[PDB]
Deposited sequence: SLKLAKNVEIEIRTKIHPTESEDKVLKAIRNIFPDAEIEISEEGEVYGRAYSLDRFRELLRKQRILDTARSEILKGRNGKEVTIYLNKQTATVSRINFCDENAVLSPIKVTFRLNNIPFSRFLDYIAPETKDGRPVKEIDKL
């Protein structure tokens, strides 16, 4: 699993606060920012993301939003960049005010395997 992150730093945003909102969900991300504010990120550990989804009891929405964003061997979801500043995950649309576009690239593992690892059925009996 490779984690690709995309979003923007608008003229009125702080670079520090956007990099931290991103890191609050994906701590090991390396970010590059273009002259025009484009944010290109790459992460790997799903630990924190999984930890938060469970602590906030939102696996129901997570499991669903993952299915919806599944296209091929890639899964694209959108997280509210603002709520992420306080390490809180909110799934939103692509037109939000902008969001953190996260694109999971599945190398070997099958999709089904990915769904139950991130957002398994009930808060129960989960793969690791």
Checklist line | Deposited-sequence stretches lacking C-alpha coordinates, listed in sequence order | finding: 1-7, 105, 137-142
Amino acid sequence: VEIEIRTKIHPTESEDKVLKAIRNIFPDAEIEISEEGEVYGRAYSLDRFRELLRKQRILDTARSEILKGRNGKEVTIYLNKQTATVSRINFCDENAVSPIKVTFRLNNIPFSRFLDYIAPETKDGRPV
From here on, numbers count along this sequence of modelled residues.
Check: Mean C-alpha B factor from the entry: is it higher for 57-65 or for 26-34?
Finding: 57-65
Notebook entry, point to check: Per the PDB entry, which option out of 73, 42, 101, 81 has the greatest Cα B factor?
Noted result: 73
Check: Which third, lowest, middle or highest, does the CA B-factor of residue 16 fall in along this chain?
Finding: middle
Notebook entry, point to check: Which third, lowest, middle or highest, does the CA B-factor of residue 46 fall in along this chain?
Noted result: middle
Next item on the list: Looking at the entry's B-factor column for C-alpha atoms only, identify whether residue 85 ranks in the lowest, middle or highest third of its chain.
Entry: lowest
Margin query: By the recorded C-alpha temperature factor, relative to the other modelled residues in its chain, which third is residue 92 in?
Written below: middle
